[PDB]
Asks: 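The following block contains the structure, expressed as structure tokens.
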Amino acid sequence: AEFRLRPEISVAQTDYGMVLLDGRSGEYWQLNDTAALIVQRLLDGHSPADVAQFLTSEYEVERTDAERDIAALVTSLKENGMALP
Amino acid sequence: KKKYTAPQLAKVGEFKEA
Ligand SMILES: [Zn+2]
Ligand SMILES: [Zn+2]
Ligand SMILES: [Zn+2]
Ligand SMILES: [Zn+2]
Ligand SMILES: [Zn+2]
Ligand SMILES: [Zn+2]
């Protein structure tokens with residue numbers, strides 16, 4: 001249940017936002033503000049359910065949409081080689 | 001509450017040898 005980045009992934013906070021770099025492939029990705037917030041809270045050890053609760057309490061988003069959006073982001077992070085399965 | 005923008009991930013580029 002623990003969200004983990006792949007070992008070769010580095011993170012930077014920049015003026016464009018949060019960036020993830022794959023040190024093997026050289027691919028690097030920009031996360032928008034919501035994606036960065038989700039990833040940061042998952043890396044803190046919070047569950048996706050925790051993060052959904054946070055998003056609904058802080059943003060104009062329904063709980064159902066928050067859960068789907070978190071799940072889609074995590075799936076995309078795994079798809080694109082940033083997060084471990 | 002804050003305006004919600006759905007999470008987005010964008011590939012910026014690929015670092016290679018020069
Ligand atoms: Zn990789
Ligand atoms: Zn944190
Ligand atoms: Zn928790
Ligand atoms: Zn806040
Ligand atoms: Zn909706
Ligand atoms: Zn909805």
Side-chain angles (χ1 to χ4, degrees):
Chain A
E2 61 162 359
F3 175 84
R4 290 185 296 155
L5 293 182
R6 286 200 43 88
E8 73 273 16
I9 303 305
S10 295
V11 187
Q13 306 291 339
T14 81
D15 294 341
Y16 315 114
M18 175 169 170
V19 178
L20 294 181
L21 163 71
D22 188 308
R24 296 170 187 181
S25 68
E27 294 192 280
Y28 69 121
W29 312 80
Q30 195 244 320
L31 283 62
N32 73 346
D33 282 347
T34 308
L37 185 42
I38 294 167
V39 170
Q40 286 155 6
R41 285 190 49 110
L42 291 177
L43 289 177
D44 286 343
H46 296 302
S47 65
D50 286 348
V51 180
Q53 187 52 46
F54 162 81
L55 290 179
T56 68
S57 77
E58 292 305 306
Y59 296 82
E60 295 171 336
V61 60
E62 297 279 350
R63 165 90 178 216
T64 310
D65 283 336
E67 295 193 34
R68 298 210 276 287
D69 285 356
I70 290 162
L73 175 63
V74 162
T75 291
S76 182
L77 292 168
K78 292 166 177 176
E79 163 68 16
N80 291 108
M82 281 163 281
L84 286 168
Chain B
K1 295 192 289 167
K2 297 189 185 183
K3 171 174 232 82
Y4 183 72
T5 302
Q8 299 223 79
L9 162 87
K11 191 175 168 187
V12 181
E14 311 180 326
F15 282 101
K16 56 172 145 168
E17 292 319 273

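Naming: A, B, ... by sequence-line order, numbering from 1 per chain. Every heavy atom of this structure was used, including side-chain atoms; hydrogens, water molecules and symmetry mates were not.
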Asks: Closest approach of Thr56(A) and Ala66(A), non-hydrogen atoms and distance?
Replies: CG2-CB, 4.1 Å
Asks: Nearest 0.5 angstrom please: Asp33(A) CG to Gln8(B) CD, how far?
Replies: 11.5 Å
Asks: So with a 6.0 Å cut-off around CD of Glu62(A), is the heavy-atom count from everything else above 12?
Replies: no
Asks: First locate atom CG of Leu20(A), then atom CD of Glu27(A), and finally report the distance between them rounded to the nearest 0.5 Å.
Replies: 12.0 Å
Asks: If I compare all heavy atoms of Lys3(B) with all of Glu60(A), which pair ends up nearest, and what's the gap?
Replies: CA-OE1, 3.9 Å
Asks: Report, as yes or no, whether the 6.0 Å neighbourhood of atom NZ on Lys1(B) holds more than 12 heavy atoms from other residues, nucleotides or ligands.
Replies: yes
Asks: Quick one: do the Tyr4(B) and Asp69(A) side chains pair a donor with an acceptor below 3.5 Å?
Replies: yes
Asks: When clusters are formed by joining ILVMFWY residues with side-chain heavy atoms under 4.5 Å apart, either directly or through shared neighbours, do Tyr28(A) and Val11(A) land in the same one?
Replies: no
Asks: Can you find a heavy atom in the side chain of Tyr59(A) that is under 4.5 Å from one in the side chain of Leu37(A)?
Replies: yes
Asks: For residues 74-85 of chain A, please give each side-chain donor-acceptor pair under 3.5 Å, one per line with the distance, not counting sequence neighbours.
Replies:
| residue | atom | partner | partner atom | Å |
| --- | --- | --- | --- | --- |
| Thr75(A) | OG1 | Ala71(A) | O | 3.0 |
| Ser76(A) | OG | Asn80(A) | OD1 | 3.2 |

Asks: Got a donor-acceptor contact below 3.5 angstrom from the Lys16(B) side chain to the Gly26(A) backbone?
Replies: no
Asks: What distance do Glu67(A) atom CD and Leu55(A) atom CG have between them, rounded to the nearest 0.5 Å?
Replies: 10.5 Å
Asks: At their closest point, which heavy atom of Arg63(A) faces which heavy atom of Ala52(A), and how far apart are they?
Replies: NE-CB, 3.9 Å
Asks: Regarding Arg41(A) and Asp44(A), does a basic nitrogen lie under 4.0 Å from an acidic carboxylate oxygen?
Replies: no
Asks: CD/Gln40(A) to CE/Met18(A) distance, rounded to the nearest 0.5 angstrom?
Replies: 5.5 Å
Asks: In Å and rounded to the nearest 0.5 Å, what is the CZ to CG distance from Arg68(A) to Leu73(A)?
Replies: 15.0 Å
Asks: Do the side chains of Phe15(B) and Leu5(A) join up, straight or via other hydrophobic residues, at under 4.5 Å, putting them in one cluster?
Replies: no
Asks: Spell out, yes or no, whether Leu21(A) and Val39(A) are grouped together once hydrophobic residues are joined by side-chain heavy atoms under 4.5 Å, including indirect joins.
Replies: no
Asks: Is there a chain of hydrophobic side chains (I, L, V, M, F, W, Y, each step under 4.5 Å between heavy atoms) that links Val61(A) to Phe54(A)?
Replies: yes
Asks: To the nearest 0.5 angstrom, please state how far the NZ atom of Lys2(B) sits from the OG1 atom of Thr34(A).
Replies: 9.5 Å
